[PDB]
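Protein chains in written order, with the entry's author numbering: chain D, 29 to 192; chain F, 29 to 192; chain E, 29 to 192; chain B, 29 to 192; chain C, 29 to 192; chain A, 29 to 192. Think of the CB as a built atom: it goes at the ideal place given N, C-alpha and C, for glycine as much as any other residue.
Protein chains: 6
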Amino acid sequence: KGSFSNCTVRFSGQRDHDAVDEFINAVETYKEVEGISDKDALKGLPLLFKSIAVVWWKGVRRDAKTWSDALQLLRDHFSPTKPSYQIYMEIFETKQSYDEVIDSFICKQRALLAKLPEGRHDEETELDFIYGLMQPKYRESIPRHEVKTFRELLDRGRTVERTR
Amino acid sequence: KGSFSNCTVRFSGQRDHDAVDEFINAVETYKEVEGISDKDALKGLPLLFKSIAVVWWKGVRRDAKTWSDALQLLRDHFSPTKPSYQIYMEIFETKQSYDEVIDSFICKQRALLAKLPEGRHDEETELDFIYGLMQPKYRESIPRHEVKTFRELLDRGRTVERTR
Amino acid sequence: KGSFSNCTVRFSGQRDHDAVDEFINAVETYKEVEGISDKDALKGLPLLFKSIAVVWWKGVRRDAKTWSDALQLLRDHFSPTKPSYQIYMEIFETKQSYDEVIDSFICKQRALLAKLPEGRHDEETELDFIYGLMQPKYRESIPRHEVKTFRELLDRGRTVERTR
Amino acid sequence: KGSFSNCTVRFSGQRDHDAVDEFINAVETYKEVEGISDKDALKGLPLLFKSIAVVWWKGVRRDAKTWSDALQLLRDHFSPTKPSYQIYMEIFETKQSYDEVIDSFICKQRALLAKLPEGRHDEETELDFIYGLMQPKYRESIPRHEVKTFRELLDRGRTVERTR
Amino acid sequence: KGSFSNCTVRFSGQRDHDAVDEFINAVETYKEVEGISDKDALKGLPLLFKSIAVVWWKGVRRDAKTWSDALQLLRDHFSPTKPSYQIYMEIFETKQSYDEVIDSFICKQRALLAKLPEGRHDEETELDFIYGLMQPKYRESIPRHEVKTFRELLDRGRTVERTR
Amino acid sequence: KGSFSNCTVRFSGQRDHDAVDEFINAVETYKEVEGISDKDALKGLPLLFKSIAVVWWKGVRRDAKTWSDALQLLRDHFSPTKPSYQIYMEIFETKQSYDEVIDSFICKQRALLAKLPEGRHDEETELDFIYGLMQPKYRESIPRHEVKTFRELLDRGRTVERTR
């Protein structure tokens with residue numbers, strides 16, 4: 029049988045979204061695939077933490093009752109869920125420099141801008157910003173109001189990438 | 029049995045056709061073999077991403093709900109179905125170098141020629157380009173109009189290769 | 029069947045409080061997780077001691093007849109089980125220094141305070157000591173009686189940390 | 029359930045007879061050991077090809093409808109399935125050199141001879157070729173018609189090897 | 029369940045008392061825990077030997093048939109029950125060095141004194157020797173005739189150690 | 029379930045008794061603990077060999093029918109089972125040199141002399157040979173006919189080892 033003896037991955041607490049999301053997703057899919065009940069899951073929790081997360085868990089052990097709130101607390105204390113104005117300040121900080129590919133740039137900008145509350149920004153508003161911030165090497169060939177959707181910007185960008 | 033715990037293949041976002049096609053082939057074969065349900069396959073999908081493509085998947089999580097739409101969304105950004113004139117200029121940008129076997133050559137040529145729109149070329153036209161493009165080790169013993177079907181070219185090539 | 033085959037957590041007698049406390053905690057959680065019965069755990073005890081301590085278990089084996097007395101003996105012979113007065117004279121012992129993240133300080137304070145007997149200190153009393161101990165980079169803009177819940181201290185400290 | 033999840037033996041197309049023969053042998057023994065049925069093995073075939081060959085399987089997939097024809101195609105496209113006459117003109121090709129252990133020579137000769145069709149050569153016929161190719165450090169004291177069984181050659185060769 | 033497949037502990041043949049006693053203790057505890065039959069334990073015994081002791085076990089395989097006789101044969105050659113005058117000359121060849129805790133000292137002294145014939149020393153005779161052996165950090169505050177039982181010496185030592 | 033997919037140890041064929049004995053013992057205890065039948069065991073045999081043992085097995089595959097003869101052949105071809113006169117020549121070759129312990133010497137001599145046919149040599153002949161093969165540093169203090177059994181030689185040797 030076995031229940032939370034060890035795992036392939038463990039936790040370290042390094043103040044990053046990707047590591048804690050990978051850890052919590054691997055823990056959830058292991059709990060789903062093994063068949064462990066919810067009552068057995070919380071009691072076998074302190075075998076996972078090894079770094080200074082375990083002296084964090086030594087403090088707030090009595091604060092949690094069920095598996096849901098105890099899993100919610102791990103997202104609350106280590107992932108900051110930043111407010112609005114810092115994210116809005118962050119997008120207008122770094123202009124696109126030279127010798128950088130357009131695709132990774134728009135990829136990083138979309139991953140940065142996806143953290144806002146949903147329903148505030150459709151594809152028209154999002155589409156204004158990338159064209160507005162590109163170098164003059166891109167802005168000469170493609171104008172605004174030609175690229176309606178979001179795929180067409182990358183589509184006309186790759187052709188000017190090819191010729192260069 | 030199984031709910032997509034962990035497997036061998038992984039993705040990087042290299043922007044080549046071969047790795048992206050191999051990844052989709054391996055995942056779509058494993059899903060049909062192991063017997064994983066259609067809804068349950070999507071919840072285990074960000075366990076495979078490891079790289080710049082995690083930044084990609086974080087931006088378009090709200091776009092796809094069905095597994096087929098997520099598969100087409102994975103195909104659309106990386107392997108973009110480049111137009112015809114790039115392929116036609118690419119099939120003539122490389123001749124056959126010496127001491128190279130005919131099998132890997134005809135495999136790469138068919139894999140590069142299969143990107144065209146289907147129904148635009150018969151069997152005879154493809155057979156013409158392959159005979160003309162080969163090294164003069166083969167053209168002096170294999171003349172045109174002997175072979176018609178695409179298998180007899182390899183059949184008459186491997187004998188001359190074995191004879192050396 | 030199967031009880032106490034092997035694991036990573038082994039004990040060696042290094043005369044420090046942290047290592048013996050982590051060992052006793054890990055064994056005590058493993059006993060409740062795996063379901064090992066009380067009377068059967070005493071037989072499989074020297075599979076863990078592979079150190080100088082296996083010489084020690086040959087000397088004082090006959091003093092223990094139950095699992096609780098054996099655990100208390102293993103605590104008593106190696107760890108002096110520090111009382112409350114040294115904890116209270118050790119909490120105010122050190123202050124907060126410059127350029128230190130507030131989360132590490134709060135985690136250290138709660139981890140050092142959770143060893144007290146449970147039920148003697150509610151939430152209002154614990155907060156005052158941490159507020160008093162805080163660095164005057166934090167105490168100028170965050171006064172007492174504005175915070176009630178323990179989360180409010182971290183939530184108002186992160187803004188002053190970001191403001192710089 | 030479960031059929032062809034993963035293993036160490038993977039195929040890459042390295043154009044050498046030894047690697048493809050070891051791969052076909054290992055897959056053929058795994059099929060009989062694990063109990064994978066005949067019709068179900070064709071679906072789980074491209075989980076092994078993670079190389080240039082996964083491009084090759086997209087080209088010629090429709091030529092195979094059974095497992096035997098697929099195995100023959102995988103043999104035919106990469107390995108020229110050497111006939112008997114090259115084996116007989118390659119066995120006498122090399123002799124025995126000085127300071128060589130007799131066991132390695134007999135193992136090489138039997139491994140190179142076992143690829144012949146079974147039932148055409150009994151035990152008396154094989155002995156003649158090995159005896160003829162023996163290094164005259166061995167042929168002076170061990171003449172023909174003293175040995176009958178194949179073990180007698182090694183058993184009388186080890187004494188002359190030890191005598192030095 | 030289990031028929032002695034593989035475990036953690038292993039033997040080397042170091043010719044010290046502690047490692048040889050720890051090995052026999054671990055094996056005799058594992059045999060009683062896992063439920064391995066008396067005859068079946070001997071057939072899996074040369075899987076544990078790794079060293080010069082394999083050369084030892086190859087010589088005396090025909091000597092033992094029962095597990096108890098094989099255990100005594102393993103005890104007889106390595107830990108040879110050295111005579112009394114070596115132990116009596118050894119218990120006085122080492123005084124107590126400074127900054128050394130009393131627990132490891134009394135543990136090593138009892139483990140070295142337990143090699144004597146039992147029934148040759150009462151409880152009173154051991155205590156005087158331990159008192160004579162100790163550093164003058166302890167003798168000035170703990171005088172003779174205060175302690176009688178062997179536990180009260182450690183009880184009156186740990187308080188002076190905590191006071192420092 | 030599983031049956032001979034892989035193992036912890038595999039085979040290499042390095043002309044040594046200890047390696048092939050360890051391999052054959054691990055294979056036998058794995059077959060006993062897993063519950064594999066005898067018919068399934070021979071068919072799953074060629075997954076183990078990786079070195080030049082596999083081209084040895086490619087020759088003699090048809091020579092074996094059952095598991096017993098196929099396991100007997102592995103001891104026959106790789107372990108030489110030396111005859112009498114070479115073993116009798118080997119024991120009188122190397123005299124005991126200086127600064128060498130008596131115990132490892134008599135251990136190596138017993139492991140060498142145990143390979144003879146059983147019943148030819150009791151304990152009286154062996155003691156005389158051991159007395160005969162030692163330096164004058166040992167022969168002065170202990171004479172023949174004082175040490176009746178075999179333990180007493182080591183017993184009186186360790187005392188002259190101690191004083192030296």
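message = Closer than 7 angstroms between beta carbons: that is the criterion. Which residues of the stretch 170 to 187 of chain D meet it against chain E?
response = none
query = Is the CB-CB distance between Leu-161 of chain F and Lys-123 of chain F below 9 angstroms?
reply = yes
ask   = Taking three-plus beta-carbon pairs below 8 angstroms as touching, is the stretch 75 to 82 of chain E in contact with the stretch 35 to 51 of chain E?
value = yes
inquiry  = Contact between the stretch 169 to 186 of chain F and the stretch 178 to 188 of chain B is defined here as three or more beta-carbon pairs at a separation below 8 angstroms; is this criterion met?
reply    = no
task = State the start and end residues of the unbroken alpha helix (DSSP H) segment that holds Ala-92 of chain C.
result = Run containing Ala-92 of chain C: none; DSSP gives neither H nor E here.
request  = Please name the residue in A:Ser-31, A:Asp-150, A:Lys-67 whose C-alpha comes closest to that of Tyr-58 of chain A.
outcome  = A:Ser-31
key: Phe-133 of chain F (DSSP reduced to helix, strand or coil)   = helix
task = Output, in chain order, the set of chain C residues within a Cβ distance shorter than 9 angstroms of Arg-43 of chain E.
result = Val-129, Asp-131, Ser-132
Beta-carbon proximity check, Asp-46 of chain F vs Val-83 of chain B, cutoff 9 angstroms = yes
inquiry  = Just to confirm before moving on: does the CB-CB distance between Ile-115 of chain D and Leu-155 of chain D stay below 9 angstroms?
reply    = no
message = Residues in the same chain with beta-carbon distance under 7 angstroms from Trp-85 of chain D, minus the five sequence neighbours each way, listed in chain order, please.
response = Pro-74, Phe-77
message = Can you tell me whether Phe-106 of chain E is helix, strand or coil according to DSSP?
response = helix
query = Helix, strand or coil for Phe-157 of chain C per DSSP?
reply = helix
query = Thinking C-alpha only, which one of B:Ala-98, B:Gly-87, B:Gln-42, B:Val-48 is nearest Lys-67 of chain B?
reply = B:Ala-98
ask   = Of all the CB atoms in chain D, is at least one closer than 9 angstroms to the CB of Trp-84 of chain F?
value = yes
Min CB distance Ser-31 of chain B to chain F below 9 angstroms = yes
request  = For the alpha helix (DSSP H) containing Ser-40 of chain B, list its first residue and its last residue.
outcome  = Segment: none, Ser-40 of chain B is in no alpha helix (DSSP H) and carries neither H nor E.
Identity of the residue in D:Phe-51, D:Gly-147, D:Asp-131, D:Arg-138 nearest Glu-189 of chain D by Cα = D:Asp-131
inquiry  = DSSP three-state label for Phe-77 of chain A, please.
reply    = strand
query = So what does DSSP say about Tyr-126 of chain B, is it helix, strand or coil?
reply = coil
request  = Please state whether DSSP places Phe-51 of chain C in a helix, a strand or coil.
outcome  = helix
query = Taking C-alpha atoms, which residue in D:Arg-103, D:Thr-109, D:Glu-62, D:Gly-63 lies nearest to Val-48 of chain D?
reply = D:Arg-103
ask   = Where does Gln-163 of chain D sit, in a helix, a strand or coil, going by DSSP?
value = coil
task = For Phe-178 of chain B, name the three-state secondary structure that DSSP assigns.
result = coil
query = Is the distance from the Cβ of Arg-138 of chain D to the Cβ of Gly-87 of chain F below 9 angstroms?
reply = yes
request  = Name, please, each residue of chain A whose Cβ falls closer than 9 angstroms to the Cβ of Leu-75 of chain C.
outcome  = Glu-50, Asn-53, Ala-54, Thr-57
request  = Measure from the C-beta of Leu-99 of chain E to each C-beta in chain D and report whether the shortest distance is under 9 angstroms.
outcome  = no
message = Less than 7 angstroms between C-beta atoms, sequence neighbours within five positions excluded: which residues of the same chain meet that for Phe-51 of chain C?
response = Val-37, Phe-39
inquiry  = Quick check: is the beta carbon of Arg-89 of chain D nearer than 9 angstroms to any beta carbon in chain E?
reply    = yes
query = Over what stretch of residues does the alpha helix (DSSP H) that includes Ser-33 of chain B continue unbroken?
reply = No alpha helix (DSSP H) contains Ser-33 of chain B, which DSSP labels as neither H nor E.
query = Using 9 angstroms as the limit for Cβ to Cβ distance, is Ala-47 of chain D near chain F?
reply = no
request  = Would you check if the distance between the CB atom of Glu-62 of chain B and the CB atom of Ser-33 of chain A is smaller than 9 angstroms?
outcome  = yes
query = Beta-carbon separation of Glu-151 of chain D and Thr-109 of chain D under 9 angstroms?
reply = no
inquiry  = Please tell me whether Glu-128 of chain E and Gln-163 of chain E are closer than 9 angstroms, where the distance is taken between their beta carbons.
reply    = yes
task = Grab me the residues of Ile-64 of chain E's own chain with a C-beta within less than 6 angstroms of its C-beta, minus the 5 sequence neighbours each way, in chain order.
result = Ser-31
ask   = Hey, would you say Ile-170 of chain A sits closer than 9 angstroms to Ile-134 of chain A, going by beta carbons?
value = no
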